[PDB]
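Listed below are the residues making up each chain.
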Amino acid sequence: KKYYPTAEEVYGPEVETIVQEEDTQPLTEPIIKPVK
Amino acid sequence: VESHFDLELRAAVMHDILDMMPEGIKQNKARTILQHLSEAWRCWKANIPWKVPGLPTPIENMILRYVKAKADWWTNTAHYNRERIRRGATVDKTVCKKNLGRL
Amino acid sequence: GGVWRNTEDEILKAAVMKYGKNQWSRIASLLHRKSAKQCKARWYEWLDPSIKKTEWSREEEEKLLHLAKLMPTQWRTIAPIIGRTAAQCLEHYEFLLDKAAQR
Amino acid sequence: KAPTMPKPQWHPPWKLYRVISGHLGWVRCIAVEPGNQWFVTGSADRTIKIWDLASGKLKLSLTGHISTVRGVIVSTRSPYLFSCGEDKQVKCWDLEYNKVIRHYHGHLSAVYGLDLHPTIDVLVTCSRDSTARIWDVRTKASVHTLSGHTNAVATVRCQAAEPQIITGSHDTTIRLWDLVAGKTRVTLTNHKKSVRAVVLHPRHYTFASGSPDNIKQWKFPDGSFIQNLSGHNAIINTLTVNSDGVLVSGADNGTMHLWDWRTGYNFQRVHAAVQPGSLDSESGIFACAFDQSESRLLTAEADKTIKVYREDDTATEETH
Amino acid sequence: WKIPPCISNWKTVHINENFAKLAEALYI
Amino acid sequence: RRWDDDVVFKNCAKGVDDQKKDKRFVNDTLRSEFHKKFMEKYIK
Amino acid sequence: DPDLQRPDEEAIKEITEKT
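Residues numbered from 1 in each chain as written, not as in the entry; some residues may be left out. Chains lettered and ligands numbered in written order. Part of a larger assembly, values for the part shown. Heavy atoms only, no water. Residues with missing side-chain atoms left out of burial classes, pairs and counts.

Asker: Any chance you could explain the overall build of chain F here in plain terms?
Answerer: For chain F, the count of helices and strands is 1 helix and 0 strands. C-alpha atoms of chain F, sized along the principal axes, occupy 50 × 25 × 15 Å. (Helix = DSSP H or I, 4+ residues; strand = E, 2+ residues; numbered from the N terminus.)

Following this line, the structure appears as structure tokens:
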């Protein structure tokens, strides 16, 4: 177990806390213009 | 090496303690506040409930801020050095001793 | 060894007050009878200023009696929790409570 | 009965709508791209990462710095981004290959910030040793060294014809030099506290500055003290203003005080909450920049979290 | 706003009922 | 069935006993997943 | 608008060409 409060009850229920660890465009997407 | 981290962290605390702290006409010496900060760094280094206590009001938050950052620095550089100790760095003279102590 | 004479105890208290607390090698170089670990153990056992060497009451006896059954071993874990924190007065109080209730 | 009390700007109050905390370390610089697609931000982990403006997810990350990155700027005339920090190196990370394309050097110490000109293809970089540096893009050569301060240069602002070169110094004095001659042109008549916040205006001239104590305003033609700010005695780090007339100053104590450009009245003056892993008093707004649409605000705190603030559709929010 | 001296460097409830309930159950 | 008859524990059905995963970071660098993985993988 | 707005486009373009 752990003794720490959740982020949903500390940042407010009206907002949405976003947390991103990894796995987002591995040096391919924002390098060049996308294939339209 | 690591010296730029040290020089940067001391000078940024110097810049902040120049700008804030006194708030009017105080600036209690200089080396003294840096010494309390250094003792706090050792206190968080102490892995303990040894902690820098009985201080000023807002200097406490500044001390805690730079303390947690230097702790993050030590943890980050040490975890990376141990990972380099796996088979990446293949080499150490004193780096072996420093990583063993920090871990 | 470790007879812990009174003239050695006063010198150890003066060395703890003058030199410091986290420097055991500096305090062992002015006694010529014990090592640094024995001096630190004496300073943490009998020469500590926060040690309550007297005033054994019924509340502490009821606290130690309601703790020796939950944990039969590990008397050092219940040393700071009971409030004695001497690591030998707890065993002596347990022996006194076991001998007085036996008759 | 007060002066200019009944002539305030009825601006709506700002409110947070999403929480994003993915970096490992206190964020120091945060910017937005000119195409309103993604937002580039750096932290103390020496790894600049980009995040989408709408979704908020992390698109891609890139490391390469040796120390903390205290500066990030995106170019509009070229398809590349620029970064600088405490590693004594100004890296121009291009977007066509996501690699170091310039790796310019020449600073004697750590670098505080970097920014590019509005029309010229040059970039002014503020260092920490004794001066700032003007580096020419695609040449990696020192054009002119502007040494007019007696301490480190905390902030630096540029323009096409607004104030050309404008560098704020931490030696309790401001100085605006000329880019052609290189020497200092005119120095300020303000800022006993160390001034570390300079920003451009989003309308006409007579822009303002930001400092820890007694923040005042300036003028583009040769400087003129127009007005002073409110009672913000906290140590301010970044000040951002939009074209709608709203001005917001971020302090290091977590309290963000919003003001107006026409009057200068405190609108919200709200305090930011801390994260779950943060301490009780550790959040400090060190970077703040508005979006390209000037509708959603984005502030970077010292509690390792990037918060996105949006507008609030209210009407009973009149200023006294 | 004064800096005090700094000489420190060398130069919850602490009880749970579940442990007692486990010890009494082990004794029984 | 009639193969597992010597097990003391009947059915655990709980890997972490809070969820399948925590899926949340923290503010303290010591009390985090990366420091726990570095202390459980590199040290033994 | 004379002392509050920014400069004209022609003077800014001439200053940009000189710079």
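Asker: In this structure, what is going on with the sheet that holds strand β12 (residues 153-158) of chain D? I would like to understand it.
Answerer: Residues and elements named next belong to chain D. The strand order across the open sheet built from 4 strands is β12-β13-β14-β15, with neighbouring strands paired in antiparallel fashion. In the strand order of this sheet, the two ends are held by β12 and β15 (184-187), each with one partner. Ignoring which end each strand starts from, the neighbouring axes of this sheet average 25 degrees apart. As defined by bridge partners, strand β13 (residues 165-169) adjoins strand β14 (residues 174-177) across 2 bridges and the pair is classed as antiparallel. Residue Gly168 lies in a different strand from β14, and its bridge partner there is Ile174. (Pairing = 2+ DSSP bridges. Axes fitted to C-alpha atoms, helices over the stretch in contact; angles between N-to-C directions.)

Asker: So what exactly am I meant to see when it comes to the arrangement of the chains here?
Answerer: The highest contact count of any of the 6 pairs of chains in contact belongs to chains A and D. Nothing in chain A touches chain C; the tightest C-alpha to C-alpha distance between them is still 21 Å. (Contact = heavy atoms within 4.5 Å.)

Asker: Looking at this model, I keep getting lost on the interface of chain A and chain D. Mind explaining?
Answerer: Accessible area lost upon the coming together of the parts is a frequently used measure of interface size. Each partner contributes residues to the interface: chain A has 13 residues there, and chain D has 14 residues. Residue classes in the side of chain A that touches chain D are distributed as 8 nonpolar, 4 polar and 1 charged. Of the strand pairs in this sheet, strand β1 (residues 16-18) of chain A and strand β1 (residues 14-20) of chain D are connected by 3 bridges, and their pairing is parallel. Looking at the pairing, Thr17 of chain A lines up with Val19 of chain D of β1 of chain D. (Nonpolar A, V, L, I, M, F, W, Y, C, P; charged D, E, K, R; others polar.)

Asker: How do you make sense of the domain arrangement of chain C when you look at a structure like this?
Answerer: All names here are of chain C. According to the domain assignment, chain C consists of domain 1 (1-51) and domain 2 (52-103). The centre of domain 1, based on its C-alpha atoms, is set 26 Å off from the matching centre of domain 2. The partner domain 2 presents 4 residues to the 4 residues of domain 1 that form the contact. Here the residues of the side of domain 1 that touches domain 2 sort into 2 nonpolar, 1 polar and 1 charged. (Domains from an automatic or database assignment.)

Asker: Before we go on, may I ask you to explain unusual backbone geometry in this structure?
Answerer: Leaving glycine aside, a negative phi is the common case for residues, and trans is the common case for peptide bonds. Residue and element names in this part refer to chain B. Despite not being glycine, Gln27 shows a phi value in the positive range, around 50 degrees. Not every positive phi belongs to a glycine, and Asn47 is a case in point at roughly 60 degrees. Of note, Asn47 is situated in the loop between α2 (31-45) and α3 (59-87).

Asker: Honestly, the UniProt feature "DNA-binding region" in chain C in this entry has me stumped. Any pointers?
Answerer: Residue and element names in this part refer to chain C. As recorded in UniProt, the sites labelled "DNA-binding region" are residues 24-47 and 75-97. Taken end to end, residues 24-47 has its terminal C-alpha atoms 14 Å apart, with 62% of it in helix and 0% in strand. Taken as a whole, residues 75-97 contains 57% helix and 0% strand, while its terminal C-alpha atoms sit 15 Å from one another. (UniProt positions renumbered as here; feature names shortened; annotations may be inferred.)

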